[PDB]
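> First the structure, which I've put down as structure tokens, then a few questions once you've had a look.
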Amino acid sequence: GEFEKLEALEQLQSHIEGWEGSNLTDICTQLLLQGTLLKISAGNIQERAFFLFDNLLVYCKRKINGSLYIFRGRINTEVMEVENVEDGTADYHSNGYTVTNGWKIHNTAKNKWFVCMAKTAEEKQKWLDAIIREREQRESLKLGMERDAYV
């Protein structure tokens, strides 16, 4: 049930070194998707492990020692926007490199944009679908609660 998932979250976080901020078991309940993506941010091109939880996106550098990942950043999905990027696009957001299977993420709390690229079109679609699902679940929960408070 819910409790075994929380234990799983604590275990997952134990594989991430240098964690910043609140713990996964305090704000999340599930993992929608994990995978490797190319991240282009502020002139830097870096491969990262991305984790999309309910309410939270985490990205890490890939690394008895249980550490597999090095914490690099997190975004509250409530303040995250996503914008499609069409294949063949090349501008300063991608350092002038041609983007394929890519998209942009806006961290609105830090007013910061960065580009993500997957290796395949199917993997890109999997990410876009998971981002949509995360947002839909979160909005459904929130609207339900507000409906309860309002009526």
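Letters A, B, ... go to the chains of the structure tokens in the order shown; residues in each chain start at 1; ligands are counted from 1 in the same order.
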Report as JSON, numbers by chain all protein, DNA and RNA residues lying within 9 Å of range 88-104 of chain A, evaluated on only C-alpha atoms, omitting residues in the same chain fewer than 4 positions from it.

{"A": [38, 39, 40, 41, 42, 43, 44, 45, 81, 82, 83, 84, 113, 114, 115, 116, 117, 118, 119, 120, 121, 122, 123, 124, 125, 128]}

> Would you give me, as an MDAnalysis selection string, the residues in chain A that DSSP reads as strand (DSSP E or B)?

chainID A and resid 16:17 31:41 44:53 56:62 69:76 80:84 102:107 112:117

> Which residues of range 40-122 of chain A sit at most 10 Å from range 130-140 of chain A, using only C-alpha atoms? Give each one's shortest atom pair and distance in Å (one decimal place), in chain and ascending residue order, as a Markdown table.


| residue | atom | partner | partner_atom | distance |
| --- | --- | --- | --- | --- |
| A:52 | CA | A:131 | CA | 7.7 |
| A:53 | CA | A:134 | CA | 7.6 |
| A:54 | CA | A:134 | CA | 5.9 |
| A:55 | CA | A:138 | CA | 7.2 |
| A:56 | CA | A:134 | CA | 9.2 |
| A:57 | CA | A:131 | CA | 9.5 |
| A:77 | CA | A:135 | CA | 7.6 |
| A:78 | CA | A:135 | CA | 8.1 |
| A:80 | CA | A:135 | CA | 9.6 |
| A:81 | CA | A:131 | CA | 9.6 |
| A:82 | CA | A:131 | CA | 8.3 |

> From the set A:68, A:9, A:76, A:127, which residue has the shortest atom-to-atom contact distance to residue 33 in chain A, counting only C-alpha atoms?

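Using only C-alpha atoms, the shortest distance to residue 33 in chain A belongs to A:127.
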
> Mind giving me the straight-line distance from CA of residue 35 in chain A to CA of residue 13 in chain A in Å, one decimal?

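Atom-to-atom, CA of residue 35 in chain A and CA of residue 13 in chain A are spaced 15.3 Å apart.
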
> Could you write out, as a ChimeraX atom specification, all the residues of chain A that DSSP marks as helix (DSSP H, G or I)?

/A:2-13,24-27,77-79,92-94,121-150

> Residues of the last selection are to be written out with C-alpha atoms, as a PDB file, in the first residue's frame.


ATOM      1  CA  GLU A   2       0.991   3.612   0.612  1.00  0.00           C
ATOM      2  CA  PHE A   3       3.448   2.621   3.333  1.00  0.00           C
ATOM      3  CA  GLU A   4       5.592   0.287   1.237  1.00  0.00           C
ATOM      4  CA  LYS A   5       5.875   3.052  -1.338  1.00  0.00           C
ATOM      5  CA  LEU A   6       7.137   5.440   1.352  1.00  0.00           C
ATOM      6  CA  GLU A   7       9.784   2.907   2.366  1.00  0.00           C
ATOM      7  CA  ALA A   8      10.698   2.577  -1.298  1.00  0.00           C
ATOM      8  CA  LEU A   9      11.057   6.390  -1.515  1.00  0.00           C
ATOM      9  CA  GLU A  10      13.388   6.487   1.469  1.00  0.00           C
ATOM     10  CA  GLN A  11      15.440   3.692  -0.089  1.00  0.00           C
ATOM     11  CA  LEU A  12      15.558   5.510  -3.460  1.00  0.00           C
ATOM     12  CA  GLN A  13      16.695   8.736  -1.845  1.00  0.00           C
ATOM     13  CA  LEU A  24      10.971  12.546  -0.564  1.00  0.00           C
ATOM     14  CA  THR A  25       8.798  10.790   2.041  1.00  0.00           C
ATOM     15  CA  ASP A  26       7.554  14.155   3.306  1.00  0.00           C
ATOM     16  CA  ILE A  27       6.280  15.495  -0.016  1.00  0.00           C
ATOM     17  CA  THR A  77       6.280  20.873 -10.216  1.00  0.00           C
ATOM     18  CA  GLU A  78       3.729  23.517  -9.139  1.00  0.00           C
ATOM     19  CA  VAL A  79       6.229  26.073 -10.474  1.00  0.00           C
ATOM     20  CA  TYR A  92      21.053  29.835 -27.756  1.00  0.00           C
ATOM     21  CA  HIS A  93      18.893  27.611 -25.508  1.00  0.00           C
ATOM     22  CA  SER A  94      20.735  24.593 -26.880  1.00  0.00           C
ATOM     23  CA  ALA A 121      11.206  10.068 -30.066  1.00  0.00           C
ATOM     24  CA  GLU A 122       9.490   7.355 -28.033  1.00  0.00           C
ATOM     25  CA  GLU A 123      11.452   8.356 -24.924  1.00  0.00           C
ATOM     26  CA  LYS A 124      10.557  12.024 -25.438  1.00  0.00           C
ATOM     27  CA  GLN A 125       6.881  11.056 -25.708  1.00  0.00           C
ATOM     28  CA  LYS A 126       7.185   9.018 -22.524  1.00  0.00           C
ATOM     29  CA  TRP A 127       8.527  12.106 -20.705  1.00  0.00           C
ATOM     30  CA  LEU A 128       5.892  14.473 -22.117  1.00  0.00           C
ATOM     31  CA  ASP A 129       3.148  11.999 -21.185  1.00  0.00           C
ATOM     32  CA  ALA A 130       4.510  11.602 -17.633  1.00  0.00           C
ATOM     33  CA  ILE A 131       4.756  15.401 -17.168  1.00  0.00           C
ATOM     34  CA  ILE A 132       1.145  15.741 -18.326  1.00  0.00           C
ATOM     35  CA  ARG A 133       0.033  12.901 -16.021  1.00  0.00           C
ATOM     36  CA  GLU A 134       1.846  14.368 -12.995  1.00  0.00           C
ATOM     37  CA  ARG A 135       0.209  17.727 -13.580  1.00  0.00           C
ATOM     38  CA  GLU A 136      -3.253  16.191 -14.134  1.00  0.00           C
ATOM     39  CA  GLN A 137      -3.083  14.113 -10.943  1.00  0.00           C
ATOM     40  CA  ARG A 138      -1.880  17.100  -8.926  1.00  0.00           C
ATOM     41  CA  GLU A 139      -4.595  19.420 -10.336  1.00  0.00           C
ATOM     42  CA  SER A 140      -7.299  16.814  -9.764  1.00  0.00           C
ATOM     43  CA  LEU A 141      -6.286  16.422  -6.135  1.00  0.00           C
ATOM     44  CA  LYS A 142      -6.065  20.180  -5.599  1.00  0.00           C
ATOM     45  CA  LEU A 143      -9.375  21.005  -7.295  1.00  0.00           C
ATOM     46  CA  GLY A 144     -11.051  18.235  -5.344  1.00  0.00           C
ATOM     47  CA  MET A 145      -9.807  19.684  -2.051  1.00  0.00           C
ATOM     48  CA  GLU A 146     -10.770  23.249  -2.987  1.00  0.00           C
ATOM     49  CA  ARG A 147     -14.215  21.975  -4.029  1.00  0.00           C
ATOM     50  CA  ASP A 148     -14.533  20.397  -0.583  1.00  0.00           C
ATOM     51  CA  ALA A 149     -13.548  23.653   1.144  1.00  0.00           C
ATOM     52  CA  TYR A 150     -15.775  25.841  -1.053  1.00  0.00           C
TER      53      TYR A 150
END

> Between CA of residue 70 in chain A and CA of residue 109 in chain A, measure the distance and give it in Å to one decimal.

22.4 Å

> Residues near residue 62 in chain A, anyone? I mean within 10 Å using only C-alpha atoms, not counting same-chain ones fewer than 3 positions away, as a PDB file with C-alpha atoms, in the first residue's frame.


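Listing of selection.pdb after writing:
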ATOM      1  CA  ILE A  16      21.351  10.021  -4.030  1.00  0.00           C
ATOM      2  CA  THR A  36      18.702   9.692 -18.519  1.00  0.00           C
ATOM      3  CA  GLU A  47      23.929  14.246 -19.121  1.00  0.00           C
ATOM      4  CA  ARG A  48      21.657  13.813 -16.069  1.00  0.00           C
ATOM      5  CA  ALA A  49      19.467  11.204 -14.398  1.00  0.00           C
ATOM      6  CA  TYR A  59      17.980  15.718 -11.585  1.00  0.00           C
ATOM      7  CA  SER A  67      25.349   5.964  -3.800  1.00  0.00           C
ATOM      8  CA  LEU A  68      24.469   5.878  -7.510  1.00  0.00           C
ATOM      9  CA  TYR A  69      23.688   9.544  -8.114  1.00  0.00           C
ATOM     10  CA  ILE A  70      24.910  12.993  -7.143  1.00  0.00           C
ATOM     11  CA  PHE A  71      22.156  15.507  -6.411  1.00  0.00           C
TER      12      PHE A  71
END

> Between A:85, A:17, A:1, A:107, which has the minimum distance to residue 63 in chain A (counting only C-alpha atoms)?

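With only C-alpha atoms as the atom set, the closest residue is A:17.
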